[PDB]
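Those protein sequence lines, which keep their order, are chains K and J. Just so you know, we're using the entry's author numbering here: the first sequence kicks off at 1 and counts up by one. Just so you know, we're using the entry's author numbering here: the second sequence kicks off at 1 and counts up by one. Below is one structure; the comments refer to it alone.
Number of protein chains: 2
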Amino acid sequence: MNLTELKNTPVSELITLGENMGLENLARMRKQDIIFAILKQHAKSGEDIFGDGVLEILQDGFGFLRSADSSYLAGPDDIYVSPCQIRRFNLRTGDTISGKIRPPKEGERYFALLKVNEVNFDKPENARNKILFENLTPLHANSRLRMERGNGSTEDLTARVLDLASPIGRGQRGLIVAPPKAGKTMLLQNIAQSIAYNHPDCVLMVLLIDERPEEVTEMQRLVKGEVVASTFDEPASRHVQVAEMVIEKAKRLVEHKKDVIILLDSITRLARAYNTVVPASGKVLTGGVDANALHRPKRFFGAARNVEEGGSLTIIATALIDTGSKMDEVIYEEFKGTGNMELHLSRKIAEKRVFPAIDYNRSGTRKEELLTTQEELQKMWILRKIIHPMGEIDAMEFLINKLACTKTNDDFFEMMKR
Amino acid sequence: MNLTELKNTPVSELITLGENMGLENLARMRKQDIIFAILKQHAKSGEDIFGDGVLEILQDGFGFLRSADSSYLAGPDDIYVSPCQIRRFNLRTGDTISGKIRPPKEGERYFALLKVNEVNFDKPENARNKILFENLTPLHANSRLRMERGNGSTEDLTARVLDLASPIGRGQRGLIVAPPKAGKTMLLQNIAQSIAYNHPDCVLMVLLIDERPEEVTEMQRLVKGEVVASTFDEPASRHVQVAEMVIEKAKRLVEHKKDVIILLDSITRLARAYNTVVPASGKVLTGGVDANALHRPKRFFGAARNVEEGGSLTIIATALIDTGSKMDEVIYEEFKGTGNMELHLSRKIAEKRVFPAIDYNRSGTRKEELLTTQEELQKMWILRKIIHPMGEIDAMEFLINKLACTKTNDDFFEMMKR
Ligand SMILES: O=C1C=CC(=O)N1CCN1C(=O)C=CC1=O
Ligand SMILES: [Mg+2]
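Take a look at the structure:
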């Protein structure tokens, strides 16, 4: 009946549903193959079935509707779309298409979409009246994203430091400099919790590249939104396919004037995947890094903007430095001046078991006056004149206790003032 | 009478068993052919025969029940299974099949399985009610494996130190960084004894890749469990075949809610074996390592998890560094930020005749609060502050003498408490 309702069902329940018609030996199959077999159970009965996904356009012209639940993995249950269908309605990669599914005919190994009902949460004819993303004019970030929960909890303390260190606004292309063993993945989970709580309206997407399988399920059970990731055992091809799909899908929501926020982890691991995928260009930089390969991740990082016409696109990527790898150092150098916002983590503060390990003296964002107010910026500048003489390690020790007593940042602004 | 009881019988007794019927000149051939000749002796007698094995499905469709007593070598006494026999029961590679074997007929050079009695130590009909491996949801390790023996023996200090430095739980994807001549194999033998003593329930499998034939028989006489190895004289195809057959056999036991532990030695030798077998993809990394070659071993190393439904899969693979080869260093770079826990062996401590030579500063685990108790973790962090300023050689020397005074680790904590 509802394909998207079937995918989110646990595999144990899929066995019982398969046994209802009379299917057998389903327990020794993949999760996707069970859905494909179950979709045939409704095919014989002729009952109407609904399913959606994210369109991926192949080089030949015929595409598929990848599922966001399976992290856009090419499975047998992917809905097929004919090349003629993408011409009647102007569609490209990343378009969210929902409609009825017809059973495959003879010679068809994939289910096909019979009628297009909604495209990007809009009518098919309405979606063709939207201006393309690259034709839009970028504008500076001016809508502040309030990262503070306001409950004064221990986890909210990290957000208060983040707000005080570097303000982040809609469309701001941030970047996090993360040395290894510094609580980087703990910081990202705090951001996703605050974003989905303070601003439920904006679409939140979390993209993890080369992440441990035990880390993917921790993020999926924690982030209130859409979490898509590719484990390290997957090939380098799957690292860029799962990345291009996310940015293409994110662009479409901008064309419909929706605020979209992407949390990336990590840009360094994404770039190395591109270096493997692309053919050698002859001219190779130091450390085995292909200088031509860096263009593709720069396109991914350069897509973040605040569109004047409406909406925005926020990318908060994490950079891995001090990892003991020559290639990881080369990647970070290319994205040095590119990031609109920079946040630095201190390894030494992590060894003090002090969280968040925020290097306040070497973090911040340009054009912060467009985000904050006049009085807010001046109060922050007072702390900038206070923390700067102090060292990095003791600054967080001093800053954490000061922010602990006050529940809110403005309350703290009334503390150090007097 | 029993094929598995025939294999473990020494070849001297097999000659006596062969001479009882009247078989002539059996001494001048391999032990595999002697078993095959003895089996044909009972073929004409007509008495029922018994045996078991581990499946290995070829691309053609048929399989063989290789035996772990011969390190899954393609012996002439491997039981053949029909392509439809793996269809009536939903079978796949790595399934442990036991049952009566019928003698080969005319045109058949291999023994054939006549009746499937037990699959994975379970009824052949209940084996198809188990969910596949990858469909299981991975999770963080939260059940600590008590590596401490507690008897106060001299070799117990090796395990007692390891529990102090890097706690290991069920499903903990570990990684041991071992330079050459640092007592690596002495550490593995100590682990395989404490695990087989403290936790008899978990399936302890030890896999040695590219190891000397001398060390194989040393491990087989010490480890109380399955010890399967491939010597260096074996081709590169045997290293990957003997490694795929081990992870697949471990995956099946996970589906039956059984904890399985794999002690790999070493992930570097395994990766180099895969680099030889797989074809060139056109992109070559530094040091001669193919880019897509490392995808296969990462899947082997990435299968370790603590399945939420039940059971686990613990892989402890050794990494070889400082071997003077650029290929060995490249492999370690890819598996750097991959394992759940790391344990660094130090050459300098080994040259001081200090055992175990463990680099306490650079060794540690992740999410250790899940394994250890609240108060135990506090004591460990107290120890970290003491060790942190000390060097590698002195701290291990300081730790060893302190641990020798007390019988148990917690008793040692009291001595250093005040
Ligand atoms: O074609 C397949 C695939 C598995 C399988 O057993 N067979 C048939 C083999 N087979 C005969 O043709 C007559 C007796 C018998 O066992
Ligand atoms: Mg060591």
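Note that CB positions come from ideal geometry on N, CA and C, so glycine has one too.
Cutoff 9 Å: residue i Cβ touching any chain K Cβ
{"i": "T137/J", "result": "yes"}
{"i": "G75/J", "result": "no"}
{"i": "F301/J", "result": "yes"}
{"i": "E369/J", "result": "no"}
{"i": "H344/J", "result": "no"}
{"i": "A250/J", "result": "no"}
{"i": "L377/J", "result": "no"}
{"i": "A291/J", "result": "yes"}
{"i": "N2/J", "result": "no"}
Supposed close pair residue i, residue j - CB separation, criterion 8 Å
{"i": "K100/J", "j": "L114/J", "result": "5 Å"}
{"i": "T323/J", "j": "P180/J", "result": "6 Å"}
{"i": "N135/K", "j": "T96/K", "result": "Incorrect: roughly 21 Å between the Cβ atoms, too far for contact."}
{"i": "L345/J", "j": "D359/J", "result": "7 Å"}
{"i": "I262/J", "j": "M205/J", "result": "5 Å"}
{"i": "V246/K", "j": "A229/K", "result": "About 10 Å; that fails the 8 Å criterion."}
{"i": "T406/J", "j": "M415/J", "result": "6 Å"}
{"i": "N340/J", "j": "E214/K", "result": "7 Å"}
{"i": "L14/J", "j": "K31/J", "result": "7 Å"}
{"i": "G107/K", "j": "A141/K", "result": "The Cβ separation is near 52 Å, so there is no contact."}
{"i": "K326/J", "j": "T276/K", "result": "Not quite, the Cβ-Cβ distance comes to about 18 Å (not below 8 Å), so this is no contact."}
{"i": "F64/K", "j": "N2/K", "result": "Contact doesn't hold; Cβ gap of about 19 Å is too wide."}
{"i": "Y197/K", "j": "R149/K", "result": "6 Å"}
Through-space distance from residue j to residue i, alpha-carbon basis
{"i": "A182/K", "j": "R347/K", "result": "6 Å"}
{"i": "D163/K", "j": "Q189/K", "result": "15 Å"}
{"i": "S70/K", "j": "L264/K", "result": "18 Å"}
{"i": "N129/J", "j": "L399/J", "result": "50 Å"}
{"i": "residue 436/J", "j": "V289/J", "result": "Outside the shown range of chain J (1 to 418) lies residue 436/J, about which nothing can therefore be said."}
{"i": "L145/J", "j": "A250/J", "result": "18 Å"}
{"i": "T93/K", "j": "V240/K", "result": "14 Å"}
{"i": "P124/J", "j": "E19/K", "result": "19 Å"}
{"i": "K417/J", "j": "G225/K", "result": "46 Å"}
{"i": "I315/J", "j": "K298/J", "result": "12 Å"}
{"i": "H42/J", "j": "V11/J", "result": "18 Å"}
{"i": "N361/K", "j": "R384/J", "result": "28 Å"}
{"i": "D77/J", "j": "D33/J", "result": "7 Å"}
{"i": "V330/J", "j": "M396/J", "result": "29 Å"}
{"i": "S266/J", "j": "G391/J", "result": "28 Å"}
{"i": "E47/K", "j": "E118/K", "result": "20 Å"}
{"i": "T137/J", "j": "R252/J", "result": "15 Å"}
{"i": "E244/K", "j": "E309/J", "result": "33 Å"}
{"i": "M186/J", "j": "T231/J", "result": "18 Å"}
Min CB distance residue i to chain J below 9 Å
{"i": "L320/K", "result": "yes"}
{"i": "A43/K", "result": "no"}
{"i": "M390/K", "result": "no"}
{"i": "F232/K", "result": "yes"}
{"i": "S12/K", "result": "yes"}
{"i": "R30/K", "result": "yes"}
{"i": "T158/K", "result": "no"}
{"i": "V216/K", "result": "yes"}
{"i": "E226/K", "result": "no"}
{"i": "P213/K", "result": "yes"}
Beta-carbon proximity of residue i to residue j, cut-off 9 Å
{"i": "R173/K", "j": "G302/K", "result": "yes"}
{"i": "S363/K", "j": "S166/K", "result": "yes"}
{"i": "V54/J", "j": "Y72/J", "result": "yes"}
{"i": "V254/K", "j": "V307/K", "result": "yes"}
{"i": "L313/J", "j": "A304/J", "result": "yes"}
{"i": "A192/K", "j": "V223/K", "result": "yes"}
{"i": "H388/J", "j": "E351/K", "result": "yes"}
{"i": "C202/J", "j": "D259/J", "result": "yes"}
{"i": "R238/K", "j": "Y274/K", "result": "no"}
**Residues of the region 256-282 of chain J whose Cβ lies closer than 8 Å to any Cβ of chain K, in chain order** = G282
**Prompt:** If contact means a Cβ-Cβ distance below 7 Å, which residues of the region 325-339 of chain K contact chain J?
**Reply:** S325
**Request:** Could you please tell me which residues of the region 108-135 of chain J, in chain order, have their CB closer than 9 Å to any CB of chain K?
**Result:** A127, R128, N129, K130, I131, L132, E134, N135
**Request:** Could you run through the region 83-95 of chain J and flag, in chain order, every residue whose CB is less than 8 Å away from some CB of chain K?
**Result:** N90, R92
**Request:** Report the residues of the region 390-418 of chain J with a CB closer than 9 Å to any CB of chain K, ordered along the chain.
**Result:** none
**Prompt:** Can you list, in chain order, the residues of the region 350-366 of chain J whose Cβ is nearer than 8 Å to any Cβ on chain K?
**Reply:** none
**Within 7 Å of chain K by C-beta, residues of the region 142-157 of chain J in sequence order** = none
**Proximal residues, the region 173-195 of chain K versus chain J, C-beta separation under 7 Å** = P180
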